[PDB]
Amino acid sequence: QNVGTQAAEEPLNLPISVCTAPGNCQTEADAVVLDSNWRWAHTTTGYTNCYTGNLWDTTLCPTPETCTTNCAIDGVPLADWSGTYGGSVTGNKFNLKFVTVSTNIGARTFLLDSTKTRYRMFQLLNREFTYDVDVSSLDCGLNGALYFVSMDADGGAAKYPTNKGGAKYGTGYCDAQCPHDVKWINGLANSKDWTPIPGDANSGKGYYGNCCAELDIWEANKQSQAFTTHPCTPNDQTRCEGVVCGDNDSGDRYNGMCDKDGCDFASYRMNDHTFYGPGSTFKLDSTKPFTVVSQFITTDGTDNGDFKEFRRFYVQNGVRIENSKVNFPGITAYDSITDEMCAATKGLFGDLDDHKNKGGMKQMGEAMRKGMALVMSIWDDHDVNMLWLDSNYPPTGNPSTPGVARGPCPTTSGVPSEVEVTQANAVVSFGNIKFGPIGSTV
């Protein structure tokens, strides 16, 4: 995309901590940038929309190349962050409102480095990543997500010279779902064969998808939470078409370059329904804030080893809370993501181990070694109504069959039109982000 001249781009300042030992950290003066999908797209030498509602203008965008020549994405000024997009920062806390009323629904954002010209790339192997979260106002159907993806640090600017904005304009998004709803891919409008998504007034799908590796630290609302590894072959940003995208709609979910299911550790799905929930007698009380700690263990305990284990623990009101465990007869009580856990649990659930097909923890680790961009988002789910996270999936499945039940939400929950009314004022908060060696962040 070209860059427009109507509004300066002003990312929100967000300090994080880089740590060397427990309680010995230094501030890193980073910032938050809005994903290019949420930006106004208009004519390069005017005010005329190139995209309105869920459609590209066919006169301006008869082809992707012409669209890209004629159109530009514009900046987010400071005033518009809260007023238009529902984003705000107080000290080291970042807040994202779900619906902001001209009416904005959801948000996806990235962490910029201290220069505000590149994404802050995190080399996560043999490191610990930690943050405080509040998901108390997110119920069934919503997801306040924090995760990493194998985006380029410059959003693709060096690879795709028609991308003028780079990381500064939140470009280059890709993930392990190979999404077609990304409006700008490889420096070009994804306007070919663009199709609105029914019941989604703001979104559509273009000819291409954009694939890359994804490490989900946090997919969650107050009812259920998960962390998940998604390797791809290769891991780096890859525009896809046809079978390579692994499109759900053509029966290709397991035929593409990315592991779409991922290998998940989701406490409720692993059959501990009392670990996490909205109340003081759950082990971890989702009505109150808490700290989420993630440790990425290698084979030799060094930065050069292969990724072998994703460990997790929590801190809430000064109380250390170890992760829940897998709880099925004849299955080891795993409390972390490893290749063995993935094989054993997917075996039990009858899920295809595409994680293993894509190179497993080792391949996931190669993405983490090269460095990944931090994503913070809030969203509802127009495909599957978040049932995969917090309900029975498939909805018609027996909840006593291992793998089906992922949370207590009813299978009628999560319809975007309903959650966008009922949960309009939901806000996820991510704060006090800390990064360092294992054992350094609490």
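When you see a residue number, it is the position in the sequence shown, counting from 1.
- According to the entry, the deposited sequence has 1 to 3 residues without coordinates between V101 and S102.
- Stretches 199 to 207 and 224 to 232 differ in mean CA B factor, with 199 to 207 having the higher one.
- Of the two stretches examined, 33 to 41 and 46 to 54, the record assigns the greater average C-alpha temperature factor to 46 to 54.
- Remark: of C61, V375, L389, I378, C61 shows the highest value [criterion: C-alpha B-factor in the PDB entry].
- The residue among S324, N190, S150, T162 whose C-alpha carries the highest B-factor in the deposited model is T162.
- Ranked against the other modelled residues of its chain, the C-alpha B-factor of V384 as given in the entry falls in the middle third.
- When all modelled residues of the chain are sorted by CA temperature factor, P399 is found within the highest third.
- Ranked within its chain, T422 lands in the middle third, by CA B factor from the PDB record.
- Among the modelled residues of the chain, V428 sits in the lowest third by CA temperature factor in this PDB entry.
- Placement of the Cα temperature factor of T345 within the chain: middle third of the modelled residues, per the deposited record.
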